[PDB]
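Overview (structure and organization)
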Amino acid sequence: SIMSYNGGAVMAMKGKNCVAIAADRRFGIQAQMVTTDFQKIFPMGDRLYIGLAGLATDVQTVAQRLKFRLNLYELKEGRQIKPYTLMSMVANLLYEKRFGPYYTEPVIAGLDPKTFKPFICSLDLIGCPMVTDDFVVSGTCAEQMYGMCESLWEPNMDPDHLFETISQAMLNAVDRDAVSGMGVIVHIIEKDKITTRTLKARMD
Amino acid sequence: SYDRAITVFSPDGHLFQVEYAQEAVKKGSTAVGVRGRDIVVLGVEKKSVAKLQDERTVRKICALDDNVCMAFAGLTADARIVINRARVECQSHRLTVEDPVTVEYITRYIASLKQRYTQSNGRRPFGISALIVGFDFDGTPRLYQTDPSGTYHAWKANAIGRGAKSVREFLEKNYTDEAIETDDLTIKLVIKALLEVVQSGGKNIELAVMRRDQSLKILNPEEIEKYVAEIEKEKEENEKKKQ
Amino acid sequence: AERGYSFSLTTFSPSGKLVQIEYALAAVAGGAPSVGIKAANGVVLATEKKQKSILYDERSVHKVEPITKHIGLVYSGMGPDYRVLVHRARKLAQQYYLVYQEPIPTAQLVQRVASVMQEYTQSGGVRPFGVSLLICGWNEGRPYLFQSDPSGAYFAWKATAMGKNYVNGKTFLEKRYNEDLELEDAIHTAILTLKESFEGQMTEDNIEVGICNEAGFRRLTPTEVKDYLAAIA
Amino acid sequence: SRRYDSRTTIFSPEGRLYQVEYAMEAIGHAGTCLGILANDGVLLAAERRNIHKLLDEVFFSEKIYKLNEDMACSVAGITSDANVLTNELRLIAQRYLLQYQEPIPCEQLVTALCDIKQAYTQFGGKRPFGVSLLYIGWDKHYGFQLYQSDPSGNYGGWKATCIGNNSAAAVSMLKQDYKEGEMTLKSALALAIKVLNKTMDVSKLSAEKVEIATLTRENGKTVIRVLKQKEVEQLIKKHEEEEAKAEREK
Amino acid sequence: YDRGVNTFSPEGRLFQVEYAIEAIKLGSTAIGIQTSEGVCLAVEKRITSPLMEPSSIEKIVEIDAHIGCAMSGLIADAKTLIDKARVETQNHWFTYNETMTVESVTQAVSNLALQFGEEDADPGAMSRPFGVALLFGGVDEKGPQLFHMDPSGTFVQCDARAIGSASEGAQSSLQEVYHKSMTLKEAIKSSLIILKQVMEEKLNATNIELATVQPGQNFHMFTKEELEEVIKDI
Amino acid sequence: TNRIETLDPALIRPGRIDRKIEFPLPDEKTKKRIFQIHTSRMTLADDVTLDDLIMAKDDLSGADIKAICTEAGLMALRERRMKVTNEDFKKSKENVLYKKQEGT
Amino acid sequence: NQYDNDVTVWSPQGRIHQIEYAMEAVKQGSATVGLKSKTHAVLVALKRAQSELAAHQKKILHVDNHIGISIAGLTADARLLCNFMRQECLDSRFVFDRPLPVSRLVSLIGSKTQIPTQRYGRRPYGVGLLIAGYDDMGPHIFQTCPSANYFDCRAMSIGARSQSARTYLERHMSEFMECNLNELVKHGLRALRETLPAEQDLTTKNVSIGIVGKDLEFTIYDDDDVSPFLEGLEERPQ
Amino acid sequence: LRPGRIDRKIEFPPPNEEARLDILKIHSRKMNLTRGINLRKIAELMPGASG
Amino acid sequence: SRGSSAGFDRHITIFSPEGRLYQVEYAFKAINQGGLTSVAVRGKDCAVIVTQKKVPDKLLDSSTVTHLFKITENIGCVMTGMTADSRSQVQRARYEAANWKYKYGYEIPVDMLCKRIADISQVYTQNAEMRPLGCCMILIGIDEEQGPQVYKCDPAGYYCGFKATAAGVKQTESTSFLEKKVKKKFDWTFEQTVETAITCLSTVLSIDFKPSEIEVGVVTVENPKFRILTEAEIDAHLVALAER
Amino acid sequence: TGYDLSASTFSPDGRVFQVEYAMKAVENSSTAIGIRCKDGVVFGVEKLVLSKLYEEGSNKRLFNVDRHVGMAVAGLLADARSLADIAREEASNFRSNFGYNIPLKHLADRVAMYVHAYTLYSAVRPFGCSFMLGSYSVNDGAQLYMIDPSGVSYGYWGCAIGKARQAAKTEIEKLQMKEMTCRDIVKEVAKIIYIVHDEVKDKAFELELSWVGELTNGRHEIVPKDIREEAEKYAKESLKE
């Protein structure tokens with residue numbers, strides 16, 4: 001499309017009391033790589049990360065115009081946001097631009113502040129919600145990562161096994177795509193802590 | 001909405017709203033302005049400080065542009081609405097004409113913003129008066145004064161607001177060319193004029209100078225106390241002409 | 001036809017008062033008594049129904065409305081102004097439910113309904129609303145009881161009264177309200193504190209009760225109220 | 001029509017604005033609300049105007065609003081109007097964040113509100129907003145600040161001020177005891193319990209009759225916590241043990 | 001006791017407009033004399049201090065290079081009219097390409113004179129009549145002409161008018177000293193004699209503005225030097 | 001009068017009343033001559049600074065000045081002394097300020 | 001006295017004061033006569049000067065090539081209603097390629113001056129018209145008022161001391177149908193000469209004549225085009 | 001209430017429990033009571049409205 | 001208190017110091033200005049309206065003076081008050097009814113079509129810009145699941161469901177006659193109801209009618225169309241009530 | 001007091017005073033009568049000549065609102081011509097959208113409903129103008145309606161409006177009219193006018209008449225000159241006798 005113009009990958013993955021969301025880092029104008037570090041993962045409160053891949057402009061508008069709705073909701077109401085609502089809230093924001101859409105596809109990783117239930121989901125560029133329990137992917141290498149995760153996953157993993165899986169699942173799916181790669185970062189969220197490791201990928 | 005006529009003609013042939021806004025000026029604070037040859041000094045009397053306020057947020061001498069500063073006396077609320085639109089104007093003019101604003105022009109626009117408000121529906125007059133002060137593109141000094149009516153004249157010296165009828169009576173006799181011949185004599189002329197209408201000495205007169213092609217400096221309180229010592233020293237060496 | 005006035009009719013007086021809201025609070029105090037009692041697993045909203053013959057059909061109108069699956073209202077004061085606020089609330093709830101796919105929390109709904117009533121003390125050519133809403137709701141595990149005033153303010157209560165003789169009823173409740181009640185008195189004790197201001201004989205079609213537990217708000221059928229009116233339940 | 005027009009945006013023969021002047025007197029009835037600046041943070045104290053046995057508390061504070069991550073403010077006057085001004089503030093401060101992608105500076109947030117309070121007094125013929133606010137905040141140009149806006153549309157920085165019921169009596173007590181510099185957040189809470197105790201006519205304060213919220217800087221982020229009842233109850237005992245030892249001169 | 005902005009007096013004419021006329025009697029004095037040689041406009045500045053610059057006062061303004069103007073009354077309200085005049089004369093030059101007749105400009109300015117209207121208009125219309133009377137003097141294809149325009153929208157051609165706080169007094173002394181056969185040097189000297197009686201302070205080179213508009217020239221305001229020369233003769 | 005703006009103009013028409021003297025609140029140096037005039041019949045303790053009590057408050061009428069002088073002198077009569085101390089004026093000034101603040 | 005501050009209030013008596021008043025604005029205006037024949041309609045107006053050094057304000061305003069008017073009232077309002085008629089007759093040339101027939105023009109003035117006598121805080125137009133036009137029904141005169149009525153006349157007069165003219169015109173209304181062009185204007189002048197004080201007379205510097213006929217597009221005469229009509233005029237003895 | 005006009009403002013607050021006991025003792029003496037009487041208990045029974 | 005004036009408060013619709021709206025307590029006095037009375041009685045199969053018809057002259061046509069209006073085919077209603085306001089509000093009912101059918105596709109219940117006439121009136125209360133209409137609508141019509149029904153909505157808004165109501169000059173006197181015939185209780189057949197309505201109007205005014213002095217609107221469950229009975233049918237019930 | 005300054009103010013009585021006053025401005029105008037027969041409607045206006053300077057038969061009070069609908073007015077004449085254009089405009093939008101001459105029962109209810117919208121607000125002034133719409137069709141017969149300032153319309157067999165409203169309603173009550181051909185009515189109308197007019201309160205008058213019925217084929221005209229004279233001769237004879 002024109003969501004290929006910049007490239008990008010994101011990927012969420014449920015554990016059993018943890019959730020891990022991983023992304024590539026590479027802001028490139030067609031084939032030419034400009035910068036090697038360009039964040040596609042944003043904090044949305046604690047234990048809630050939205051991952052936006054696709055057109056690098058809307059990646060930045062939609063994380064700014066989504067922070068503006070979120071903050072104006074954690075103040076007006078004292079509660080802190082639920083992961084199921086941050087899905088419905090970012091659905092409505094895309095569908096607001098129905099004709100002449102944004103060109104991002106959100107991925108939401110996160111835990112329920114009041115328990116620690118894990119929760120992931122992706123969306124279409126027009127704002128359709130898709131809750132899964134395996135893993136959700138979006139990007140230009142989507143089909144690369146679907147195949148790679150369908151046979152590299154397990155129904156329950158601990159925080160050390162998850163980070164093993166998604167790591168070796170991102171590295172191999174993003175290396176088979178031209179316009180992605182050059183540095184993977186992985187958040188992995190427990191109830192306790194938020195560990196964030198960068199993987200050593202092929203800089204070509 | 002709210003299309004009413006606030007300002008209508010009296011039967012006596014006045015406009016009572018623009019004459020009442022004249023009183024909201026008189027309940028203001030004194031501000032003076034003398035223009036030298038390389039320096040223009042406007043001082044506002046009363047910082048209004050109560051040993052608890054900051055001196056950084058009570059200021060009554062703002063700066064529209066780089067060569068243009070403005071002091072006011074009236075409703076602090078209204079003044080901030082004018083000053084804003086003035087600062088916008090001062091940049092809108094740099095875009096469409098390369099030169100910076102002259103001091104006449106940013107005035108004619110502050111005045112013409114105040115005149116339209118006394119002849120439009122819904123609005124009360126702006127209750128401020130202003131000294132616009134600055135230097136042109138030729139180093140010339142200028143001093144303009146507006147009022148709610150939306151008229152403006154230049155002056156050589158002038159005072160607005162509270163106690164301004166008295167201060168104009170002191171500047172008629174004291175503004176000559178035996179004074180304002182140096183930068184030190186022009187600052188001392190302003191302070192000597194506010195000392196006639198301040199009842200707490202010199203530690204109550206905020207005073208800002210502008211100098212040729214440099215930008216607006218506000219004199220910190222130490223320099224003003226030094227100048228107030230030279231005044232009071234000079235009224236004890238007038239005892240050499242009484243003996 | 002017309003344009004509409006543009007100038008507010010609520011104005012400050014030399015006192016520092018907004019006389020119009022002061023008066024609209026006196027209309028509130030003419031209205032039919034209403035009590036509210038937060039329990040510890042439900043909220044009870046009971047109200048003295050209006051009638052003055054046997055010709056009225058006491059099931060064609062309701063002073064206890066449902067705003068959402070988890071919200072309720074009763075009011076005290078002018079009956080036309082109540083159908084306007086019940087109808088702007090039900091729409092607020094539906095915009096909220098249309099954007100977050102989640103029933104509107106009860107703290108939220110009262111804070112918005114209040115800002116509509118605040119808009120009519122500072123808008124052109126209107127008078128304030130002539131009612132006090134008592135909003136119950138049960139979200140997030142808890143019960144809630146609020147009350148918005150024609151001013152626009154709102155206060156969370158643990159139990160209160162409004163309308164006629166709401167100073168006698170707030171005293172009566174002050175003693176009889178000891179937390180950790182069961183849901184079923186708040187009904188009993190509520191009905192009692194309507195009786196401290198009601199002259200005549202209460203019946204199943206003469207008061208209206210609504211509860212509000214985890215299962216959701218619901219108006220009590222006439223049969224149901226007749227039983228609590230054993231004055232022993 | 002013209003008969004029923006109040007004409008709220010028009011001058012007096014004397015040179016005043018009557019509606020803005022009355023709105024002041026409406027603020028002299030709201031709860032007392034004072035704020036004190038320190039070097040190590042800043043704190044708002046306000047007395048609960050409404051208290052009762054049945055009345056409940058659901059929210060962290062009934063008078064302190066958080067306008068941002070870095071700023072809170074307290075209101076005084078017509079509570080209904082206060083739910084409006086605090087919602088425009090929050091929306092202003094996010095609209096700042098949406099452009100410059102920073103937290104909004106403390107001073108600007110106020111003036112941006114005072115353009116709205118000031119508009120209402122000059123055209124449109126609505127009654128003005130009858131509210132004054134204190135804004136405690138933190139920014140990276142001046143550190144901690146405190147500010148106070150009026151229904152006129154005037155604001156000012158302060159180092160320690162008061163607004164609402166018995167304001168002039170508080171300020172007389174602050175002029176004497178407050179030091180320029182030399183204020184720790186421990187010392188300010190001593191001054192804040194002492195000043196509040198003198199403008200309120202109750203025999204003694206209680207952890208359930210006031211609300212003290214501080215704003216501190218810890219670790220390069222801002223923290224704004226509201227003291228629980230235990231933390232305030234300590235302060236109230238240490239003030240009675242300074243009145244028991246303020247008779248040792250006779 | 002309040003009424004509209006558009007009320008008729010039971011007498012028979014508009015309250016406001018009858019009032020705005022009184023606002024003229026507060027203003028400075030202007031005298032315009034129409035000759036065959038040109039038009040002269042003389043208006044006293046009326047400075048109020050010695051601290052004012054007797055130069056930033058403008059009571060004669062160019063409308064174009066052949067149409068002068070002199071304001072008396074509330075000089076603040078003229079700012080809106082003058083600028084409509086200019087943009088009128090320019091638009092007429094941008095379409096028809098040729099100067100504008102003096103009469104047509106004054107007509108186009110007078111169409112705003114009655115235009116206030118508390119409601120049923122834009123959130124931008126005037127609320128009150130203009131407080132100012134004008135003396136458009138120009139030279140076009142009819143030779144010189146001088147028009148007088150008051151806040152009633154009624155404009156009319158005059159051979160010599162005076163307005164302001166000496167309309168009564170000066171108008172009577174024009175009737176005795178005016179006649180068809182003048183030159184421009186006789187008029188400028190005639191007016192400054194009338195203008196010297198009706199002022200309150202002595203007539204300097206800093207207390208009037210003179211302008212002229214002549215067939216063989218432009219609108220040309222006399223400077224502080226040239227004024228010394230015609231006050232010497234008096 | 002103190003409300004002059006509420007008088008039927010025809011009453012105060014020039015030629016009916018000819019001169020309208022106005023009484024503005026005193027200055028600061030004037031406000032000091034007033035506070036210096038009521039204290040003249042008293043004996044003040046030595047720690048009394050007249051200039052600290054004047055500026056302490058603001059917007060005083062010569063009625064408020066005499067009201068602070070009168071109160072403090074009275075505090076000295078509860079103690080059976082004749083030296084108004086700097087503290088008699090603090091209690092007083094604090095009881096005329098609540099007086100001005102309360103009952104408004 | 002409270003029913004005089006709007007057009008919007010009726011009076012207990014069943015009138016409207018603001019509309020009555022407006023019509024006093026017309027009786028302040030300068031006399032003017034209009035009569036017709038069966039081939040010509042004539043507007044004779046007595047201009048006025050407000051000084052000795054001053055010209056006289058134009059009473060006859062040219063509208064189209066078969067319609068004149070003579071105002072009497074606020075002039076600022078007379079040029080607001082004249083621009084609207086000029087605009088109505090350029091709308092007809094441009095759509096139908098014909099002259100707008102007068103009866104249907106006076107019906108538009110009627111629809112536009114009616115409006116602001118029924119909306120809040122707007123006023124009636126303080127000007128009365130005499131409309132001399134000639135189309136496919138011969139000559140017409142039409143008197144318009146600020147009330148918004150109008151009339152088809154055979155010879156009308158408005159303005160100040162107009163009553164003196166109306167009687168002169170009502171005694172001679174029979175003779176008008178048989179006049180040649182120059183004989184008609186004589187009547188109009190002799191009627192307009194009864195509206196003056198008894199001390200002064202019609203000169204060439206304060207009379208304005210407007211003639212429209214079957215073959216003659218509406219013209220106007222001033223100064224020395226008026227002399228061929230004052231010369232020959234009867235003397236009016238007291 | 002112009003400061004300096006009225007010259008003293010005394011407040012008469014409604015009796016507290018202790019004052020109210022004393023006020024109950026001032027009128028009590030006006031009628032034949034009896035040996036065993038506990039006015040202290042009576043004043044605590046009252047809420048304290050007026051003298 | 002006790003009726004005081006807040007200056008403006010009897011000239012616009014803002015609260016008095018008491019806690020009332022004098023402007024709406026006046027608009028009720030308009031209903032009685034009309035001079036007509038209308039009764040409405042609910043049965044167990046049918047609802048009846050009966051209206052006094054007053055033709056003042058021999059000139060007025062008698063078939064264009066009516067107060068009974070067809071709002072739908074299953075909703076009649078009777079208008080009492082200022083005849084101008086009345087017709088203005090009937091026009092508005094018909095509009096809502098047909099707007100309802102257009103948006104939801106099942107013709108409107110009698111319940112809701114009052115609730116909307118009520119809410120339009122309520123706006124005229126809350127703004128100062130206009131007066132409230134000076135009339136009072138009584139709708140009748142068969143509901144598909146609650147039998148027949150009768151609703152009456154006032155100039156202020158407040159509208160309610162009834163078993164028997166009146167409105168107009170003898171609005172107090174009627175409801176005292178009716179409530180006696182309601183606490184006794186009958187079968188309320190079609191002939192029962194028409195009987196109770198005419199005898200109530202006939203005794204409270206004392207007329208004892210001619211078929212040309214009342215118009216009778218009726219709506220039965222067997223046939224849910226809203227008929228207005230002709231003079232032939234009306235007379236059958238009047239001479240049956242002269243026998244009994 | 002302050003119950004007459006606004007149409008938006010009920011009085012304590014129970015009645016809007018601004019509408020009352022409007023109706024009294026009608027009562028101070030000349031008289032117009034309508035009388036419907038069985039095959040047409042005839043209109044009659046008592047137009048006073050206030051000078052000999054107004055042209056004869058001009059500035060009528062008989063409008064054509066549509067090609068088969070007379071409108072005869074009384075009351076303040078300026079507001080009348082305003083209604084006559086609102087009505088023409090309605091009876092054009094009705095032929096546009098529904099494609100057939102508008103039925104007079106409806107054209108009335110629509111022009112009344114427009115007058116009524118002007119008694120509600122304070123921003124406007126209620127019309128000072130009562131007027132009758134006549135009409136003939138072959139599918140509806142003659143119909144005659146009368147509107148007033150209130151905004152009330154009522155079917156009529158005859159009626160009158162204006163300063164002799166009382167005296168003229170008598171003459172029509174003493175007249176059979178459900179049985180007379182159009183041709184016979186016109187004589188009656190003229191005779192009624194002449195009776196109800198006072199030449200001791202007014203100078204003289206011109207008698208204006210309008211068919212609309214079977215004679216003209218459902219159009220609306222003004223009666224031809226010859227039949228108008230015949231109706232004036234038969235009217236002087238009933239005043240002689």
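Residues numbered from 1 in each chain as written, not as in the entry; some residues may be left out. Chains lettered and ligands numbered in written order. Part of a larger assembly, values for the part shown. Heavy atoms only, no water.

Looking at the PDB entry, one finds chain E named Proteasome subunit alpha type-5 and attributed to Homo sapiens.

Under the annotation held in the PDB entry, chain C carries the name Proteasome subunit alpha type-2 and is attributed to Homo sapiens.

1. So, the nonpolar core
When a protein is soluble and globular, its nonpolar side chains tend to lie buried together. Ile50(A), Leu66(A), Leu86(A), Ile108(A), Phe129(C), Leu133(C) and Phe146(C) are the most contacted members of the largest nonpolar core, which totals 57 residues. Ranked by residue count, the leading element in this core is helix α2 (residues 79–100) of chain C, at nine residues. Excluding its chain neighbours within four sequence positions, the residues that come into contact with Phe129(C) are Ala24(C), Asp81(C), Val84(C), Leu85(C), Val116(C), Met117(C), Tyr120(C), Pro150(C) and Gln126(I). (Core = buried A, V, L, I, M, F, W, Y, C linked by side-chain atoms within 4.5 Å. Buried < 20%, exposed > 50% of the residue type's maximum accessible area, 1.4 Å probe, protein only. Helix = DSSP H or I, 4+ residues; strand = E, 2+ residues; numbered from the N terminus. Contact = heavy atoms within 4.5 Å.)

2. Notes on the interface of chain F and chain D
Each partner contributes residues to the interface: chain F has eight residues there, and chain D has 13 residues. Summing the contributions of chain F and of chain D, the shared interface buries around 730 Å²; its carbon and sulfur component is 37%. Two residues, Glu5(F) and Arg16(D), come together in a salt bridge whose shortest N-O distance is 3.8 Å. Taken together, the residues of the side of chain F that touches chain D break down into three nonpolar, one polar and four charged. (Buried area = accessible area lost by both parts, 1.4 Å probe. Salt bridge = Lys/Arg side-chain N within 4 Å of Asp/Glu carboxyl O. Nonpolar A, V, L, I, M, F, W, Y, C, P; charged D, E, K, R; others polar.)

3. Description of the packing of helix α4 (residues 165–173) of chain J against helix α5 (residues 182–196) of chain J
Residue and element names in this part refer to chain J. Running from amino to carboxyl end, α4 crosses α5 at an angle of 145°, the nearest separation of the two axes being 9 Å. In the crossing of α4 with α5, the sense of the turn from one axis to the other is right-handed. Here α4 contributes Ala167, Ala168, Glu171 and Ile172 to the contact with α5, which in turn contributes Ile192, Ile195 and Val196. Classifying every residue of the contact of α4 with α5 gives six nonpolar, no polar and one charged. (Axes fitted to C-alpha atoms, helices over the stretch in contact; angles between N-to-C directions. Left-handed = near helix turned anticlockwise from the far one by under 90°.)

4. Focus: the packing of aromatic side chains
Per the stated rule, a full pass over the model turns up 38 aromatic pairs over all chains. Look at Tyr117(B) and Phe126(B): their rings are 4.5 Å apart centre to centre, the planes differ by 35°, and that puts the pair in the tilted class. Of the residues examined, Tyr117(B) reaches a relative accessible area of 3% and is grouped as buried. Seen in terms of ring centroids, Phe151(G) and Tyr54(J) are 4.8 Å apart; in terms of plane orientation they differ by 40°. Their pairing is tilted. Linking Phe151(G) in strand β7 (residues 150–153) with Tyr54(J) in the loop between β2 (41–49) and β3 (62–66), this pair reaches from one chain into another. Comparing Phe151(G) with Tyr54(J), the two get one shared label, buried. (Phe/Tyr/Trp six-rings, centres within 6.5 Å; stacked < 30°, edge-to-face > 60°.)

5. Some details on the pairing of strand β4 (residues 69–75) of chain J
Residue and element names in this part refer to chain J. Of all seven residues in β4, seven are buried; the element is thus mostly enclosed. Examined bridge by bridge, β3 and β4 share four bridges and lie antiparallel to one another. From the neighbouring strand, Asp66 faces β4, where its bridge partner is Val69. The pairing of β4 with strand β5 (residues 129–137) spans five bridges and is antiparallel. (Pairing = 2+ DSSP bridges.)

6. Some remarks on the interface of chain B and chain D
Each side of the interface is counted separately: chain B has 30 residues, and chain D has 36 residues. With both sides pooled, the region where chain B packs onto chain D buries about 3000 Å², and carbon together with sulfur makes up 51% of that total. Put simply, chain B and chain D have four salt bridges between them. Counting residues per element, the ones that place at least two in the side of chain B that touches chain D are α1 (16–26) and α2 (76–96) of chain B. Within the side of chain B that touches chain D, the residues separate by chemical class into 14 nonpolar, six polar and ten charged.

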